[PDB]
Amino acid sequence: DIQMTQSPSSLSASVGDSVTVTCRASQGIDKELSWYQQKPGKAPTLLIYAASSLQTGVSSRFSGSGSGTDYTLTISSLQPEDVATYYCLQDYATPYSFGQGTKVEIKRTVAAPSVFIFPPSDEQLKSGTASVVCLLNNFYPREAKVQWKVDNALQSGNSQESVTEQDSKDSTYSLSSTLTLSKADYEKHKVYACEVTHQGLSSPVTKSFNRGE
């Protein structure tokens, strides 16, 4: 069979930059290669076929090159919208085989998070569970610290968080963190707070509320 070696595995670049991804086949594949873009959550879409032919509607910022065993995909002026994972495919001989993929990330200026806290709804408390949610919105870089506090005691082992993929408009991340307690435990305390730390903040931001006050 034909093995496709793709590189790099990931890269970070600023808007306007020119970046190149390479695929190497274990064997000459006579320009029988195509390239695909996969944005997060979405199916792949065709960028380039026959090594260098552009698919309809594909930006001219994408270009393909190569022959024999060596092929390259180039994005000449990287845009926020180009955050994705890129895959090559050899179409030369069955079994058809993809490259391992290249994740493309945008490097941009620091942006501090906007911080919001949401009490548990009256609807959920009727069920005997209480979820407190903390939202960190539109920040960069990805690293952020969220610390839950209940009557000022630092929580541990009762929260989970999730981070969006990089935004296609402004290249920022957002983060959702949920603190889950029992209804009973929830009603024993007053002050619920999430304390956020992040490079764009001169000091930790704390958002809090008083249970029913």
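Counting begins at 1, following the sequence as shown.
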| Got a sec? Mean C-alpha B-factor, which is higher, 44-52 or 182-190? | 182-190
| query | On average, are the C-alpha B-factors higher in 108-116 or in 123-131? | reply | 123-131
| query | Based on the PDB record, which member of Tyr71, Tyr87, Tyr140, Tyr92 exhibits the highest Cα temperature factor? | reply | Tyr92
| query | Which third of the chain holds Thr164 when residues are ordered by C-alpha B factor: lowest, middle or highest? | reply | middle
| said: Ranking every modelled residue in this chain by its Cα temperature factor as given in the entry, which third contains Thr197? | reply: middle
| Should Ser208 be placed in the lowest, middle or highest third of its chain by the C-alpha B factor in the entry? | middle
| field | Third of the chain's Cα B-factor distribution that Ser176 belongs to, per the entry | value | middle
| note | Binned into thirds over the chain's modelled residues, the C-alpha B-factor of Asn158 lands in the highest
